Amino acid sequence: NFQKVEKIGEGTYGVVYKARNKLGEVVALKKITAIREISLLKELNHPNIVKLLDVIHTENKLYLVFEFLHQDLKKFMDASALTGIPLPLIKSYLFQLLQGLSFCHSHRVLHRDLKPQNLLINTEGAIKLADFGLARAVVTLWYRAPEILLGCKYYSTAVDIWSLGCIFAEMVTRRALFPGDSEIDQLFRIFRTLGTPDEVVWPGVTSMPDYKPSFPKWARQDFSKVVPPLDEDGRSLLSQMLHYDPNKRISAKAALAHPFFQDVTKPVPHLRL
Ligand SMILES: NS(=O)(=O)c1ccc(Nc2nccc(-c3cnc4ccccn34)n2)cc1
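Below you will find a few notes about this structure. Numbering of residues starts from 1 on every chain and follows the order in which that chain's sequence is written, so it may differ from the entry's own numbering; residues lacking coordinates are left out. Think of the side-chain values as coming from all heavy atoms in the structure, minus any hydrogens and water. Residues with missing side-chain atoms are left out of burial classes, side-chain pairs and their counts.

**A look at the site of the ligand**
Then, in step 1: It suffices for a single heavy atom of a residue to lie within 4 Å of a molecule or strand for the residue to be listed as near it. Around the ligand, the surrounding shell holds 14 residues, and the nearest of these are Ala28, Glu67, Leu69, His70 and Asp72.
Then, in step 2: Any pair of N or O atoms that falls within 3.5 Å is considered a polar contact. Within protein, one atom must be able to donate a hydrogen and the other to accept it, and sequence-neighbouring residues count only if both atoms are side-chain atoms. In this structure, a nitrogen atom belonging to the ligand sits 2.8 Å away from a side-chain N or O atom of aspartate 72.
Then, in step 3: Within the side chain of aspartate 131, one N or O atom sits 3.4 Å away from a nitrogen atom of the ligand.
Then, in step 4: Reported accessibility uses the Shrake-Rupley method at a 1.4 Å probe radius. Residues are deemed covered only where the shown protein chains occlude them. Across the complex, the protein chains shield 87% of the 540 Å² of accessible surface that the ligand would expose by itself.
Then, in step 5: In this description a helix means any DSSP run of H or I spanning at least four residues, a strand means any run of E spanning at least two, and both kinds are numbered starting from the N terminus. Residue assignment for the shell around the ligand shows that the elements contributing at least two residues are β3 (26–31) and β6 (71–72).
Then, in step 6: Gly is placed with the polar residues, together with every amino acid not listed as nonpolar (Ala, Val, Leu, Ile, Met, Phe, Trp, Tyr, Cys and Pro) or charged (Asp, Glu, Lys and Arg). A per-class count over the shell around the ligand returns seven nonpolar, two polar and five charged.
Then, in step 7: The domain boundaries here were taken from an automatic or database domain assignment. Three or more residues apiece are contributed to the shell around the ligand by two domains, here domain 1 (1–70) and domain 2 (71–270).

As structure tokens, then:
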């Protein structure tokens, strides 16, 4: 019932295509216990979440039909590489994404694999989270929370806050915060910046499945060196988004109340489609 327009990309759960509903709507068409779980996400509707319009199960084949947006944040960041995304827009995008996370997390749904590629933007200054709740139904490790890397089986909504903190830092500096090319390189990049975690800062860390007493012990670096020129409000918020202990890590709801957002606005981006 769809005429494919073009290949828009490829995901962890199969290829995504721009398509026209043959019988005029323009959509994103993704070709992938699961059915019921995905059907749950059809009701999960929020302005900063990419709407899942339909789920089609035909011939052992599964199709997810989403609302179509025109650009992802990876493409936008690359396009804004010369002068950087203006700070007020970074703040607007962070604020909106925290609203979306706050909504999903309140419904006990986590993303688990946030990255610039599944953050979608439109001409009006909105940004939306794509692929929410799918995980629970080369792969980038850059935005992976330390508890996942250390083998925690039962991670929490805190994993998404970590990923978003990483993305926030990337928008500001125009460089990935922790660009690991393997699981241990990812972990050790985190440790080299934030200090190797211990029982003081993260109670229970030394008993985690993949923790090794042999991990090198690196000292923590000051945030003024890690994300210039983020102001003190932004640095404070980021540090709370990157706490090692998931229970100390700021929630989306609490983050929205942080002083960093006192002067938040909704600018219109310069989008070249
Ligand atoms: N790369 S880009 O900037 O030109 C560009 C990217 C995405 C879109 N739209 C769009 N819409 C709805 C859903 C998605 C979506 C969800 N999961 C994935 C995984 C891979 C590719 C797209 N998506 N994508 C337009 C353009």
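Having seen the structure, we can now continue with the description.
**Regarding the pairing of β3**
Then, in step 1: Criterion used throughout: strands pair if DSSP finds at least two bridges between them. As judged from the five bridges shared by strand β2 (residues 14–21) and β3, these two strands associate in the antiparallel manner. Its bridge partner lying in β3, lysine 18 is registered against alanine 28.
Then, in step 2: As paired strands, β3 and strand β5 (residues 61–67) are joined by five bridges and run antiparallel to one another. Bridge pairing in β5 places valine 27 opposite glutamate 67.

**Here's the deal with the side chain of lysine 91**
Then, in step 1: You can see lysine 91 is positioned in helix α3 (residues 87–106).
Then, in step 2: Only protein chains enter the calculation, and the probe is 1.4 Å; a residue is then buried if its accessible area is under 20% of its type maximum, exposed if over 50%, and partly exposed in between. Given the relative accessible area of 6%, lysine 91 is considered buried.
Then, in step 3: The contact rule is simple, with two residues in contact once any of their heavy atoms fall within 4.5 Å. If we skip the residues at most four places from it in the chain, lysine 91 touches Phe260, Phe261, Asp263 and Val264.

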